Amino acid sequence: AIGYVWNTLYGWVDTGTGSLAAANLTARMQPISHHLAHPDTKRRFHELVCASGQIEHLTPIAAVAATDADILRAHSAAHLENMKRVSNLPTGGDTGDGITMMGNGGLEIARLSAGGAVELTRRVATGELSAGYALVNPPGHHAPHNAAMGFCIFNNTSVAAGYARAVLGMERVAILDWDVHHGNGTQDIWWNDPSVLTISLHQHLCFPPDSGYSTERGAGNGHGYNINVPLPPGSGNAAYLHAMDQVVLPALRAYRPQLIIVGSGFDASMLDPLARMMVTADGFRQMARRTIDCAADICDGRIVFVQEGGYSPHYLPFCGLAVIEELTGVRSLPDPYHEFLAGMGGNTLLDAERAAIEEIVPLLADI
C-alpha cells in the first residue's frame, strides 16, 4: 500500500520574476516567466502521476501543516521565529540568503511541505502504508538548524526524521539524499547525532560552494554518521549505481535504521540546467529499486521518499514517474526520451568516478 502526497499549494510557491536571484535592472537580468525553481516542474511530475494512471495504484495522503513542535525538532527557535517574521511581512521577503524567498503567508506552504513528509512518515511507520512518495515543495535539504537556504525554508526530511525519533520512538533513522547538490542543511542538523545517519551523493562543489567534502564526517557521538559522496561532473548511471552498491547500501546495512527517508531530487538528470550529471529515468529507477529492496531487507520495507530538487520541466516528470513505478510495481509507460539520452553516455564507470567512490569505502568501518 503506497502513499502519495500532493497539495495544490505546492504548485503555488511564488518564485518571482527572476531566474535565480530576482530580476534586476542595473545588472540587466531581464524578468522571465519561469524561474529556475518554478513550481511547474514538480506540478508536471504530479500531473504525470495522474495522467499515467499511477494515481490509481496509490493511496492519496493529505498533507498536514507541521506544527511549531514538529519544526523545532529539526530547527532552532530563532529560525522558526524568523520564518514567522518573514512570512508575516506585507510582501513577505528574503529568508536570509538574498535568494530564498517566502511571500506573505508562505509559511503555510512551508508547513504543508514539511508536514507532508511527516504525515507520510507517520502512516508508513504505523504500518498503514508500506512505503510512499511525498511530492512536496518547497524542498528541504539545504536548510540547516538555524537558517533557510537554497530554496529551502525547512528541512523536510529532518523534520520527518525528528518526528520518527521523538514521537514514534525510533532509535535510528537514515536520510539518503540523491538530489545532485550537497545536503548541507541535513548534515548540519544531525552533525553531533548518531541517531540519524545522513548520506549525501552530489556533484562535488555544485551547491553550496566549499561544502560536501568526504572529510565532513560529524562530530562527538555523531562522528562517522555523516557520509558525503562527492562525484565529478559528467557522472551518470554507472557512477550512481556504483556509489549505491559500494557505499550507500553497505552503509544502510551497517547502520540498521528503523526507517529510510530518501531526499529524492532529480537534478542529477541528463537534462537538468542546475547540474552537469547524466542520470536517466532508468538510472533513477534502479536507484529507487535498490533502496526499496534494501528497506525490505533491513527495516520491514519502511521507506519514505520526499521530493528535493530537479529543474527540467520536460524530463523530471519521467524521472519521478520511474520512481513511483518502482513503488507501485506497475510499469506502464515508456520514458519517451530513453533512446535520445541513452546515446549520450554516462553508462560506463569512468576511472575518475570509480576513484571518487573508492575514497569513501574506508569510512564504512566507522559505522
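For the two forms, the rigid core is made up of the largest set of C-alpha atoms that agree within 1.5 Å on superposition. Numbers for residues come from their place in the sequence shown, where the first is 1.
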{"property": "Stretch departing more from the displayed form, 249 to 257 or 91 to 99, Cα RMS in 8 other deposited structures of this protein (core fit)", "result": "91 to 99"}
{"property": "Core-aligned Cα RMS comparison in 8 other deposited structures of this protein - stretch that moves more, 73 to 81 or 171 to 179", "result": "73 to 81"}
{"property": "Comparing 218 to 226 with 138 to 146, the one whose average Cα B-factor in the PDB entry is higher", "result": "218 to 226"}
{"property": "Stretch exceeding the other in mean C-alpha B-factor - 251 to 259, 279 to 287", "result": "251 to 259"}
{"property": "Criterion, highest CA B-factor; candidates, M244, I199, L80, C294", "result": "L80"}
{"property": "Highest recorded Cα temperature factor - choice among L205, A131, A74, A238", "result": "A74"}
{"property": "Within-chain third of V5 by Cα B-factor, per the entry", "result": "lowest"}
{"property": "Chain-relative CA temperature factor third for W178", "result": "lowest"}
{"property": "For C319, the third of its chain into which the C-alpha B factor falls", "result": "lowest"}
{"property": "Lowest, middle or highest third - CA B-factor, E359", "result": "highest"}
{"property": "Entry-reported Cα temperature factor of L274, expressed as the chain third it lands in", "result": "lowest"}
